[PDB]
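Chains as they are written, first to last, in the entry's author numbering: chain A, 3 to 396; chain B, 3 to 397.
Below is one structure, written out as structure tokens, with a few remarks after it.
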Ligand SMILES: Cc1cc2nc3c(=O)[nH]c(=O)nc-3n(C[C@H](O)[C@H](O)[C@H](O)COP(=O)(O)OP(=O)(O)OC[C@H]3O[C@@H](n4cnc5c(N)ncnc54)[C@H](O)[C@@H]3O)c2cc1C
Ligand SMILES: Cc1cc2nc3c(=O)[nH]c(=O)nc-3n(C[C@H](O)[C@H](O)[C@H](O)COP(=O)(O)OP(=O)(O)OC[C@H]3O[C@@H](n4cnc5c(N)ncnc54)[C@H](O)[C@@H]3O)c2cc1C
Ligand SMILES: NC(=O)c1ccc[n+]([C@@H]2O[C@H](COP(=O)([O-])OP(=O)(O)OC[C@H]3O[C@@H](n4cnc5c(N)ncnc54)[C@H](O)[C@@H]3O)[C@@H](O)[C@H]2O)c1
């Protein structure tokens with residue numbers, strides 16, 4: 003049997019693996035799924051445990067529960083390198099050989115070379131990271147009562163006002179009343195600051211929704227600094243550029259939501275990449291390779307209508323996996339592949355537990371309605387990978 | 003007309019104020035109660051929130067709820083100094099004058115000049131401090147998953163194997179299963195180390211109780227280093243002395259339960275003190291002052307039967323408050339004072355939620371029996387200051 007190796011059990015990888023599971027037969031091919039952890043986490047929900055609004059266990063599921071060990075062989079390890087010439091993948095504790103390779107290693111934070119960002123700032127990109135962020139913040143608040151002068155303990159800087167930053171500060175704003183009560187903190191001293199280099203919050207998004215979001219978040223005490231880039235990050239806080247002059251913000255907590263890029267393993271393995279991502283062919287394969295497929299955030303897709311790239315999203319990542327699973331099954335059976343066409347049905351952004359903004363099917367949504375839509379959309383993914391049981395289990 | 007000032011709303015202070023409240027009548031004297039916070043915390047239970055086994059709100063109560071605003075005027079401020087000559091107390095936000103003074107400012111950590119102990123170690127002595135310790139520990143465990151090589155995140159060093167240290171590591175051991183599950187930690191990697199300079203755990207205690215305690219805690223993975231002093235403390239951990247040679251323990255968390263002293267304000271105000279505490283007269287008054295009284299941990303009392311000093315405890319602090327309240331009422335009303343006589347009943351040391359050791363009524367006690375015994379004894383104090391309602395509020 004031919005061997006299929008899928009790197010990364012994220013949205014793209016897990017859907018690809020489950021897709022191959024349904025389509026292929028009990029001995030048609032050998033499929034090995036490699037993941038850093040024995041669990042798959044719901045990346046789109048990670049902003050909530052980071053703020054502490056939702057327990058992290060509700061944002062992950064055991065991989066062994068999802069798949070069939072007969073059809074899929076799960077390997078828990080960390081990918082170190084990919085050798086295209088030898089068709090071998092190197093791991094920290096082993097090695098693997100592939101006839102076909104699917105790469106869904108996800109994103110990495112993009113710090114733009116900004117000094118201290120890697121060392122002194124946090125990222126919302128894993129279960130480990132969000133627990134670290136959450137416990138870090140509660141630690142600072144705990145320290146405050148003993149040291150009332152240090153309001154920097156109560157200051158949280160979120161760098162970048164994209165979708166991730168906006169959703170996170172929304173959760174943060176909701177958490178503050180309970181958090182302040184727990185540590186005897188005066189709520190008025192708490193500062194949640196969202197710092198954006200771009201002229202507007204949520205750049206390249208609909209102004210009606212953006213203005214609405216700022217109004218809602220501003221109501222909950224969130225501060226916005228726009229047209230303000232972060233020059234560098236320190237243990238004491240961040241340095242920002244205001245009116246051509248440097249200014250310092252003293253903050254015990256700095257969370258970086260400024261940008262993402264493709265996993266550096268891909269670029270290090272000698273692929274040609276733009277911002278760490280591979281601009282794949284219509285069949286989602288890496289250029290110059292017939293056996294290598296790229297999915298999720300590692301994959302780059304250009305829009306034919308406008309020369310702008312599709313953003314790296316879970317929505318398109320899921321669609322990558324379904325397409326790759328189908329094409330791989332056909333390819334193994336000597337069939338013909340079907341070209342990938344992305345179908346972006348629009349997106350919804352949460353603003354705390356009870357509010358949201360989105361454009362779905364060209365139609366705007368607000369408030370409780372938009373909030374339920376997002377919950378329904380996310381529930382649909384759970385059904386896709388885990389069935390009705392997974393939906394009920396959470 | 004006469005003004006009574008009580009400093010510190012701890013066991014000694016709160017009982018003294020409530021005692022004066024019950025005994026005295028309206029307008030007999032002016033009573034002012036000064037505290038750092040608007041709440042009074044049950045210091046004897048603080049080890050539980052520090053470990054996270056019990057919520058900190060269950061270990062404190064609002065002062066205004068306990069007292070009578072008509073009889074007692076509560077002031078939330080921090081005492082800075084006492085001027086004996088002018089009979090004035092200096093605060094951060096004011097000044098006060100007293101005809102009579104009651105000092106119950108409690109203990110402060112005693113680090114004995116050991117390097118880095120004051121700066122880099124934690125103390126279990128307030129609601130603020132235990133919340134800090136608790137969140138610190140959970141933070142280290144959170145960091146571990148990202149960095150599995152750093153087992154020092156999972157190492158907690160508790161300095162001193164006295165009553166406080168033993169109770170704390172007991173709570174810590176109970177907490178570990180829940181804590182490990184929350185942060186995907188392998189329980190076998192967790193190290194709880196209790197370091198004592200003295201040759202045995204719980205120095206000056208009955209060996210039968212000590213052996214039982216070590217057996218229970220040792221079973222739960224608690225490590226004991228005896229005859230081992232702490233040379234110095236760093237953010238990375240501690241340096242200890244083993245067989246006359248320096249040795250290092252890498253620990254993200256260091257908690258010091260090695261010793262206490264009288265609140266430094268007393269010493270700073272020019273009183274004569276031994277280890278920061280005042281050796282009071284039979285009426286709990288400071289020597290050379292007829293109007294200044296000392297209660298709780300600030301006071302030092304020697305037992306007449308055996309010339310050893312009484313340990314600083316909540317039990318004797320409560321008795322200090324009752325005695326001072328009675329004597330102050332008598333002095334103002336022209337009555338006769340009663341010399342303080344301590345009646346020290348037994349005490350129980352918890353070993354987690356479900357285990358304990360104690361000598362109660364001259365009889366040794368263990369397990370579930372001792373645990374229920376301790377809970378009732380502490381409940382008695384809740385009744386003393388808060389009545390049946392406060393006892394009910396702990397449900
Ligand atoms: C707070 C937040 C909210 C978001 N909300 C939305 C939303 O609402 N709608 C939407 O469309 N998109 C949303 N996104 C974006 C979406 O989550 C990403 O586009 C999606 O995660 C990308 O899919 P992926 O599988 O390629 O990446 P990932 O989900 O990150 O998958 C990576 C997987 O591979 C593992 N892995 C990574 N590196 C290695 C390695 N060297 N070795 C072994 N295993 C490895 C990882 O452990 C992980 O399991 C959100 C992102 C964030 C941070
Ligand atoms: C974990 C732990 C467990 C214990 N278990 C027991 C036990 O089981 N049995 C027993 O008998 N004893 C026990 N003790 C000892 C007991 O708690 C103390 O002896 C008792 O608290 C002493 O009474 P106190 O009022 O003098 O001190 P405290 O209780 O500390 O009272 C001090 C009060 O004054 C306030 N204060 C302090 N400084 C200032 C300032 N400058 N300005 C304004 N306010 C100030 C404080 O905020 C506090 O309210 C335990 C101690 C600890 C740490
Ligand atoms: N609801 C959703 O559909 C959803 C939710 C989260 C993420 N996403 C997708 O995931 C991808 C990643 O999201 P993201 O928010 O992390 O990145 P992003 O690129 O979408 O936005 C990050 C923002 O950071 C700002 N920034 C960059 N450098 C800065 C600096 N030095 N100082 C201050 N601000 C700076 C940029 O202007 C940018 O707007 C996006 O393409 C996004 O579309 C989608």
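Yeah, the Cβ is synthetic: ideal placement off N, Cα and C, and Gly gets one too.
How is residue 356 of chain B classed by DSSP in three states: helix, strand or coil? In the three-state DSSP reduction, residue 356 of chain B falls in the coil class, being neither helix nor strand.
For the region 178–193 of chain B, which residues have a CB atom closer than 7 Å to at least one CB atom of chain A, in sequence order? Residues 185.
Taking all protein chains shown into account, decide if residue 176 of chain B is buried (16 or more other Cβ within 10 angstroms of its Cβ) or exposed. The residue in question, residue 176 of chain B, is buried, as its Cβ has 16 or more Cβ neighbours within 10 Å.
For the region 118–132 of chain A and the region 140–151 of chain A, state whether three or more C-beta atom pairs, one from each stretch, are separated by less than 8 Å. No, the region 118–132 of chain A does not touch the region 140–151 of chain A.
Taking the alpha-carbon positions, what's the residue 316 of chain A to residue 230 of chain A distance? If you draw a straight line from the Cα of residue 316 of chain A to the Cα of residue 230 of chain A, it is about 29 Å long.
Can you list the alpha helix (DSSP H) stretches of 4 or more residues lying completely in the region 55–113 of chain A, in chain order? The qualifying runs are 65–68.
Taking the Cβ atom as the reference point for each residue, do residue 234 of chain A and residue 224 of chain A lie within a distance shorter than 8 Å? Not a contact, by the Cβ cut-off of 8 Å.
Quick check: residue 17 of chain B and residue 324 of chain B, are their CB atoms within less than 8 Å of each other? Closer than 8 Å, so yes.
Would residue 280 of chain A and residue 296 of chain A be called neighbours here (beta carbons separated by less than 8 Å)? Yes, Cβ-Cβ distance for residue 280 of chain A and residue 296 of chain A is below 8 Å.
Keeping to the same chain, check which residues put their C-beta closer than 6 Å to that of residue 182 of chain B; ignore five residues upstream and five downstream. Leaving aside the five residues that flank residue 182 of chain B on each side, the residues in its chain whose CB is nearer than 6 Å to its CB run, in chain order, 189.
Nearest-angstrom beta carbon gap, residue 19 of chain A and residue 2 of chain A [assumed within contact, 8 Å]: Nothing can be reported for residue 2 of chain A, as the shown portion of chain A is limited to 3 through 396.
Top-ranked residue by Cα proximity to residue 2 of chain A, from A:348, A:327, A:346 and A:345: Any answer about residue 2 of chain A is impossible in this case: the structure gives chain A only from 3 up to 396.
What residues in its chain sit with their C-beta under 8 Å from that of residue 170 of chain A, if we drop five residues either side in the sequence? Contacts found: 49, 52, 53, 126, 160, 257 and 259.
Among A:349, A:365 and A:251, which one has its Cα closest to the Cα of residue 379 of chain A? With respect to the C-alpha of residue 379 of chain A, the residue from A:349, A:365 and A:251 having the closest C-alpha is A:349.
Count the C-beta pairs between the region 87–98 of chain B and the region 106–120 of chain B that are closer than 8 Å, then say yes if the count reaches three, no if not. Verdict: no, contact absent.
Mind checking the region 131–142 of chain B against chain A and listing, in chain order, the residues whose C-beta falls within less than 9 Å of any C-beta there? Close to chain A, meaning a Cβ-Cβ distance shorter than 9 Å, are the following residues of the region 131–142 of chain B: 131, 133, 134, 135, 136, 137, 138, 140, 141 and 142.
Beta carbon of residue 55 of chain B nearer than 8 Å to that of residue 173 of chain B: In contact: residue 55 of chain B and residue 173 of chain B (Cβ atoms closer than 8 Å).
Are the C-beta atoms of residue 145 of chain A and some chain B residue less than 8 Å apart? At least one chain B Cβ lies under 8 Å of residue 145 of chain A.
Which residues does DSSP pair with residue 1 of chain B in a beta bridge? Not covered by the structure: residue 1 of chain B. The range shown for chain B is 3 to 397.
Ligand 2 and residue 98 of chain B: does any heavy atom of the ligand fall closer than 7 Å to the residue's C-beta? No, ligand 2 has no heavy atom inside 7 Å of this Cβ.
Note down, in chain order, each residue of its chain lying with its Cβ closer than 8 Å to the Cβ of residue 2 of chain A, except the 5 sequence neighbours on either side. For residue 2 of chain A there is no data in the structure shown, the boundaries of chain A being 3 and 396.
C-alpha gap between residue 152 of chain B and residue 89 of chain B, whole angstroms: Going from the Cα of residue 152 of chain B to the Cα of residue 89 of chain B covers about 56 Å.
Is the Cβ-Cβ distance between residue 367 of chain A and residue 347 of chain A less than 8 Å? Cβ atoms of residue 367 of chain A and residue 347 of chain A: not closer than 8 Å.
Buried or exposed, going by whether 16 or more other CB atoms sit within 10 Å of the CB of residue 357 of chain A? Flag for residue 357 of chain A reads buried.
Under a CB-based cut-off of 8 Å, is residue 2 of chain B close to chain A? The structure shown does not extend to residue 2 of chain B, since chain B spans only 3 to 397, so no value can be given for it.
Output the distance between the C-alpha atoms of residue 207 of chain A and residue 178 of chain B, rounded to the nearest integer angstrom. Their Cα atoms are separated by approximately 47 Å.
Nearest to residue 83 of chain A (by Cα), restricted to the options A:269, A:215, A:77 and A:375: Of A:269, A:215, A:77 and A:375, the residue nearest in Cα terms is A:269.
Coil, strand or helix - residue 145 of chain A by DSSP: Three-state DSSP puts residue 145 of chain A in a helix.
Do residue 64 of chain A and ligand 2 come close, with the Cβ less than 7 Å from some heavy atom? Here the distance from the Cβ of residue 64 of chain A to the nearest heavy atom of ligand 2 is not below 7 Å.
Check whether the Cβ atoms of residue 41 of chain B and residue 64 of chain B sit closer than 8 Å, and answer yes or no. In this structure, residue 64 of chain B lies closer than 8 Å to residue 41 of chain B by Cβ.
For residue 201 of chain B, count neighbouring Cβ atoms within 10 angstroms of its own Cβ and tell me buried if that reaches 16, exposed if not. By the 10 Å Cβ count, residue 201 of chain B comes out exposed.
Could you check the C-alpha separation between residue 102 of chain A and residue 24 of chain A for me, to the nearest Å? Distance between the alpha carbons of residue 102 of chain A and residue 24 of chain A is about 18 Å.
Am I right that residue 111 of chain B and residue 334 of chain B are in contact with their C-beta atoms under 8 Å? What's the rounded C-beta distance? Taking 8 Å as the upper bound for CB-CB distance, residue 111 of chain B and residue 334 of chain B are not in contact here, some 36 Å apart.
Quick one: grab the DSSP three-state call for residue 291 of chain B. Coil, per DSSP.
Measuring only from the beta carbon, is residue 166 of chain A closer than 7 Å to any heavy atom that is part of ligand 3? It does: the Cβ of residue 166 of chain A is within 7 Å (strictly closer) of some heavy atom of ligand 3.
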